[PDB]
Each structure stands twice: as structure tokens, then as C-alpha cells.
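One structure is given below, encoded as C-alpha cells.
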Amino acid sequence: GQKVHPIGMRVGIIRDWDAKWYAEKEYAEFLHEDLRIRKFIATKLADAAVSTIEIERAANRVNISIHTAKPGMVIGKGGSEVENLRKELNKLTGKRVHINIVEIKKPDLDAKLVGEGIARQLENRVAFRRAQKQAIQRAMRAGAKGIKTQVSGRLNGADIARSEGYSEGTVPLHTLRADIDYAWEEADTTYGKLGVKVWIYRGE
Amino acid sequence: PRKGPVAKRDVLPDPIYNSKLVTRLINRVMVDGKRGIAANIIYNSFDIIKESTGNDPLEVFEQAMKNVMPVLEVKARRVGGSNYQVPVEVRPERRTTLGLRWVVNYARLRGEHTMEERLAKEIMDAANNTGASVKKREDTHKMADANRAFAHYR
RNA sequence: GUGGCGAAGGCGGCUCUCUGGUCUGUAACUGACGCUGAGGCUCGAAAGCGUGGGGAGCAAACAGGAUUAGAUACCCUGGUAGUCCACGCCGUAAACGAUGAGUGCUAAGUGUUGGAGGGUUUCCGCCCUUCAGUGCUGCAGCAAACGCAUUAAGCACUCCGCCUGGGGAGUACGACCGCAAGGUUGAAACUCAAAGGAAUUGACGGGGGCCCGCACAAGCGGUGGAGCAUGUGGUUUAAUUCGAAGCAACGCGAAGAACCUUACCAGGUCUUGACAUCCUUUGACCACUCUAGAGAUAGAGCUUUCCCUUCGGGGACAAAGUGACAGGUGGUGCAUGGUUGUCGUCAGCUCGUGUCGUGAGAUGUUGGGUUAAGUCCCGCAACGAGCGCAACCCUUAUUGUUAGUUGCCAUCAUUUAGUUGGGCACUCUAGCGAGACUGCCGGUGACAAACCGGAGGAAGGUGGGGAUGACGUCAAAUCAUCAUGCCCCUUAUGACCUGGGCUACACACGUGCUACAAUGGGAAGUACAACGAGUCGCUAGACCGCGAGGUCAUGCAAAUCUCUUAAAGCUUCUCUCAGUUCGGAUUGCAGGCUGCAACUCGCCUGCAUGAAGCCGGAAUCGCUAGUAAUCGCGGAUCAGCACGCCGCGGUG
């Protein structure tokens, strides 16, 4: 184990906290409420492909904003699903909530999206050598300085584990002003678990 | 080291006598970084020197240093599995190093009731060609100028 | 002497006798008389055999001493055949240039052995030509590559010997030879699908060279000896829960074992369940009081009681049913994800276009110098590029400006005082900028990179320290943080309670603390920091107690108040080299504090007692400057509990 988390090395330097509120003497409750929130809304995320979520909060209201790639399939027909999101989140937080949904542009240039998609092929009995290759091919065409992928575990649904990935372009890791992205997902085909990691360099 | 020779660690001449040798003597008496105690000890010792059958603490101290410092030291070496010893010359800084070292070591082992009653007495005994410090010098000179036998072509 | 001679085996002190071959010049002579050679004969290292001599040194066999798990070996002390001569026999060697003999033809350069010619001519020492030997380098051509190359492994003709996958096997049978040992000749049955030559990239070597690093050397202080704290082995136990095992396990998981934590043990208990979903009856569940009990639980008492209504429903919930189901710190780190250690912050790991090679492949990335550096320069079939290195980030050393409260007090009055009037000058706090770049000056060096010296400046050559850890190595560590494939349990390996281990002690190993004193012990006085923490928390002040502490009370959610007058230091007065006015283990008695409760098993106080220990063998550790050595302060965890851990500053 010999590498630092690339978006924890850079937090507080060129990127911000995904949770921006200041509180004292009400800090444990707020942190676990955020954890509960974020661990809940992985319900719709199972289909709607959400990437981040930003929690702010005021006197007694909680301002939420989620980045997705499916705006209509997450808000409803005329607004009949955000209604449910709010009326469900009120049952947990006991407060007023106000989701302000963002929409993501160029979704193939996002670490969680890419890695979670190319970790759904592995479950459908797909060979890994071309999943990663087509992933970096469709990540370079969007225009990116570099990308690197890596899968691990019992490959092919076979015996003793190994690891291998593929690189395209430069991905400098030691440069602090680099604005790299990163995510780690999981999946199974039928044997144990696999780990997929993905890094994308998008200039600085 | 391996790269090459290094510097010489400049010293700060003490302000009382304006003599860097007294500075090194204070630095050798001091233990655990308690320097004011070492300074009090050296100054009481010099007061004792001048008060009792003395002329000036710098003069008799220099003469004692001159009578103690060595001029021929040997070095026990290894060649290929058999070890011997050979004499060699002695560069100047090592000389005063050894002198101070011996004087302090053999004043510390005297057996009176104060480090001053030991230091003043020992460097007086030294400025008159006496004391285990001078005998240590002569042991060294006798080891050398004898063990030159298996040193003549080293 | 990569000197000479011999067909080969072989031949080295000197003199004589007998004798074989080669080379060079000449041009008297003969006139193709030549080359090769199955079968046959002759010779043939060392060992061995026979007969008779000789025998100093060496030395199979053998004896004795060692070493090792063993040593019928290697090493040491001895020691017989043999090694030597004459005469017979044997007929084999990596008997090798692993290259049969004869003959002609095909570039050059350079050594040496034996001759013959021409010149200059003391040429007898020099230049040129020319025969025959013996070596080195190199072209055409040849070769699978290695390589060979007028001394062919080239181009050609003549004659002889020999080969046809690896084992079985140079074996069996027959035959000739030999005193013997053995030699020469020489199969098959059966069995395998390979066995080989040469070169390529890696990995290893009890192979070599260069370099670097508190790795040795120069030093300063330790560990090992003594008492105590703590972890581990071992033994013990009803249980002493589980994990870690050279460096890279052993003050490690544990940043808090009296109950809890808690997995372990002994007794007392439950079974759709301590915890989750579903479906139905349905639906608002409680808490509180009293007896029995070690509690877990059971038995009785006021009662869990519609919060949506269009008269028609939905949220919380007890029991029951009801079975789907739950539950596992049970196994497998050698089935896995994730997260770490170590080589090591060492300097490496690859690609594109070219060129080289029959081909796998190479080059670049090798060489000189320099550098902390695959960091730079010069040269070079290479020219460029990517991740690594360095930079961008943090803190510390100097200062301009903006802002002066809760910070500060220089020019003024005032008190106990920076306090109150006043001010933001100074210090300080914290946002934004400056400043360090071999940037100038001299020398060295291929003028190059780089190194040595100077100026100026707070700082000079990555100024000091941190974060940052490539491709890979050890099937390294962890199913017990968490997840998870397969296996296992299910009225028990699940679950609830009290009490006991985890702290046991003939011992062995690691990491620490306190000392063995005068550079010290005791009594009185006087000083100087920084990082941090605080609401049911940090406690000002006054009083009571010898003390640890207690009571009444005060400010502060914090540059405002408190924790917090730091300890080594300095100045006086003592004590006198002793097992002591050193040391503070162990035990007796009396208290305090937290907690429902300190017996097993807490921390602290006082009086009494006063052990070992007088600087520690072999061996072994840390450290290159505000560092080592030494001295205190804070806080995470936490009712309470630190010699451990993380930080801070003082002397140096």
C-alpha cells in the first residue's frame, strides 16, 4: 500500500469539501445526518446515474444539490418525483429540504460514471480486455489529457487473482495543481468481488 | 565521510580571558549542557591557581598544555586478517584535543572534595612535568618509537 | 623464448662413439621412375603384469589425530606396492588443431627461427628482393551461428577411413589375441517423441568491479550487571479469549480490563428469537408502584387507549398466529475486494520514426566528466516522447502595505497595576505583495556542464524541516474495522444474567523508568517559555486540614476568565567520601477521591521500616547542530486510572 488517495491529497488546495457547513456543539448529529442522507439516496442512483451530492444547511432547512446525467428520469413527468424525494427526506431529517438538481455535461469524463459503467459489463460475462479499452477510447474522444484504468480480483471467473490495466496519454500524479479525478467501485460475475479503479486527467 | 573532508566547527572565544582554549576547556568539563556550572568551576580553579603560588592562569595553563600534548601516536590497523599497529604523525587540532581530554579525564579521577580542588591541582602538577597525564603522554611515546618495527614499511 | 627437433607417442646439465631426417644454391645426370593404399607389419603417454636388481624424496591401499548429524572424504602425523635400471608382455587416453594424405589456384598488413642474392658499402648494425618453417590481424568467398581466411573450414581433381533419432549398448552370442587384467570385432527383443548444436531475453551464483548510505572509521551517551513498570515464550489453570514471529513479531491491534468493554470459564435461563422485512387479527405501545429473586425474570396494582375523515382509510405499536426467515468475533489472508509493512524517497520502467540482425533480439537507455538524482555537458546510428527526479503545496528565517480589539504603552495625568482618559508609534495578530536566481565579480576545468573564492544582503548554492513513495519483490500482514465466493452450526457454535480469569509464577528474551552520589542531597529567597483544552466543563478568591483535599462562592461558550507563580537556573546556610542526611524497593497503621461497588484488581496522602545497588564481560545500540545529552508543560482515549504514545519549548 503505497499511494495516497488522489482526491484527499488535493482537498483544501484546489478542490473544496463536498460538505460545506459550519457548526459547533451540533457537529456529530450533522455529520451522521449527512451520512444517512447520502447512504439513502443511493436508491434512485441505482438507475439515475448520480455522481456527486452537495449538502448545505441553514437555520433549520437543508439545501441539497445532486449532479446527474438523467434530468427527466429523476424529476418525473411534470414534477411528480422531486415531490417524493422531498416528502421522503423530511421523514428522516425532520426538517425542510430543498433539492436543486444540477445536470452534468460530458458524462464520459467522470470517474465514478465511467468506472461504474465498465464494472457493469463484468457482471454480464464480458471480457475485461475490451471493456477497459473501449472505456479509454470513449474517454479520449471527449477530449482528455490522460486516463488510466485497472481491474483486480479473480479474472475470467478463474483461480488465483491478478491485476492489469491500460493507460492512454499522460496522467501526472505527483503534480499538486493537476485536477485529476478518481473513483473505486465493485462488482461480481459469480466469484468473489472485483475492484475497478479509474483516473482521468482533465488539465489544470 | 565518503564524499570528502569537512569543516572545522568554529568556536566563540570566551569573553573573560579572550582565549579560545578556555572555551574548549569549558566545553569539555560541561556535562548534560549545564554550562554555567562548568564556567563557575573553571573560574574558581583559576582563582585558586593565581591565589596560591601563581603568576597568571593563562601562562601556567599553556605550559601545562605544552607538557602534556603528544607528538607521536600510533594506529592499530587491519590488512587482510592479521592486525598490527603502526606509528604516524599527529596533526595540530588532534594534539590539543588529546591534551584537554587527558587533563580533564585524569582530574575527574583525583579523589578530593571538589572539582576545582582537582582541576587546579592537576594542571599545576602538569605544568611541573608530573601527574598521570604526563605519564600517559610518555606511555604513548614509548609505545611509538618501539612499534615502529612493524611500521617501517607500512 | 606463440623458440628448436621428431610421423606421432615425445625430446632440456656436460664430453666422446655409432646413426636417421630436413632446409638452401647450383644445373653434372636419369628420363614419369609419381600419388593414395583394404588385408598385412612396425612404432605407440601413464597405469598394470613377469623375472632379477635398486630404493633418497613423493605416495594408491592402510594406521592414528581432527571436523560433522554421520565422514569408510577434503585437513595433519606416519606409511606399503609403485614411481628408477635390464630384459619380455600389454596396446589403450579429451593419443586434440575433437580439422586424413597429395597437388594447383585466389587481396593486403605486421612479428620471430634457418638460408640465398643486390645496393649503400667498417651494412658484418641498414633498405630491397627471394625460399622454407612458426605466430598475430584482416578482404573476396564460405558458415546454422560461433567463426575460418596462402598454416582455409575458400575454388577444384585423385585415393582411403567413417556417419544415418535417443536409450538398451561398446552390451550378449560366436571368433581371433593376452600369463592376467582385458583389447579388437559386433546384434536383436523391448521402450520414448524427443535427444542435440549455436545464440537471445530474464533469474540465480558459498563470481568480479565501481560507487553511494550513522554502513565502518573519529567521537559523545547508552543496553547487557541492580530494583521496578510493561510485552512475549514457557509452565500453570475451569479459563489464563483471538491475531502478530529474523531484519520488516515482542510499551504491537489496545488512543485507557475493577462491573461494562468481553469473544474465554462455572452456575441460573430463552427459542420467529437481543436485531430486519412480509401477511393476518388489527391498530394508538407505556411508564410508575409492591412482594420473590444474585440478577435474568415471574406474580399482583391507576392503565399501553384513534391525533385522517366526505361515515367509507391511512402513520406509530403490544401480543398472537405464521412461516418465509433471522443470527455466527465459526473455517478458508493459499479463493478475494479494500487497507498497510520492506527494499526505499533507492533512481529507475517503457514507446514512436530510423538503423543493425537469417531470426528471437539490439540500439537508444553504452563511454568520459559531473550530480542527491535516467540531474546536466561532450562524444557516439540514432533522433524525439511518457511515467518517475525536480518544480507547483505547508511551516520556519527578513520586511512593505491594509486593519487596531479582547492585543500593545513610546510622547502625557492616574492609581495596586495598562487601568482610565488618550493613541495604533513599537511588539502582536492575519489577508495581500516583495525577497535567492550560480543572479553579478576571480580562478580551475575540453572555452562546456560543474567545482573552489569574493561582494552585497536577514538568508547562498535543493537556506532548515514536512507532505509527496514509479514498474516490481516477500502466495509478507489482516475473513476480528468493513465487505465478500465456497464450507459449517441452527431448542445451538444463536441469545439474556450474576461471579470469576484476561493481572496466575521454579524461569528465559525484548522495550523502558529510578539510581549507585559532592558537576551531589536538604532548608530559605529570586527569575525566564511555547504548543494546546474548557458548559453541566476549566475554578478565581476567602477560610478549615501537616498533607492528598473539603466548604462557601466568582469569571468565563473564550487574544477578555481559567487550567498556568514551568523545571533545570541564580543567591545564601548547611552536610564531609561513609552503604552515608546517597538510593527508595518491600512491609505495618491511619486517611482522601471517583464510582451502585476499589478483596481478587485503582490512583493519591502521612507517619513508621529502609533491600539490591559503590558505574556493570562476551557482545551490542542511537546520533553529523539548535542535532546528541538533560529539564519540564500540554491532550487524544477517559467517572477514575500512563514510567506508554502524539506535540511544545528551556539550557546546549
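Cβ placement follows ideal geometry from the backbone for every residue including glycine, while neighbour counts extend to all protein chains displayed. No lab work stands behind these numbers, since they all come straight from the coordinates.
Helix-only estimate, please: 222 nm mean residue ellipticity of chain B, summing -39500 (n - 2.57) across DSSP H runs of length 4 or more and dividing by its residues, to the nearest 500.
Per the formula, -16500 deg cm²/dmol.
For the residue pair A:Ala42 and B:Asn105, what label-to-label distance in nm results when each label sits 7 Å from Cα along the Cα-to-beta-carbon direction?
7.1 nm
Obtain the nm distance between the two label points defined at A:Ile13 and A:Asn84 by a simple spin-label model: each point lies 7 Å from its Cα along the Cα-to-C-beta direction.
Result: 4.3 nm between the two label points.
Name the residue farthest towards the positive end of the dipole of chain A from the options A:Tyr166, A:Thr43, A:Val4, assuming +1 on Cβ of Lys and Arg, -1 on Cβ of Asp and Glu, about the Cα centre.
A:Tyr166
Give me the angle, in degrees from 0 to 90, between the Cα long axis of helix A:82-93 and the longest principal axis of the Cα atoms of chain A, rounded to the nearest 10.
Compared with the principal axis, the helix lies near 80 degrees.
Give me, ordered by chain and number, the residues 5 or more places off A:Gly146 or on other chains with an amide H under 5 Å from its own placed amide H.
Those lying under 5 Å, H to H, from A:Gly146 are A:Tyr201.
Which value in nm describes the separation of the simple spin-label points at B:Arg2 and A:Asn100, placed 7 Å from the Cα toward the beta carbon?
6.1 nm
Place a +1 charge on the Cβ of each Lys and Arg in segment B:1-87 and a -1 charge on the Cβ of each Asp and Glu, then give the dipole magnitude about the Cα centre in debye, rounded to the nearest 20.
About 860 debye.
Pairing the Cα long axis of helix A:28-40 with the longest principal axis of chain A, what angle in degrees results, from 0 to 90 and rounded to the nearest 10?
60 degrees
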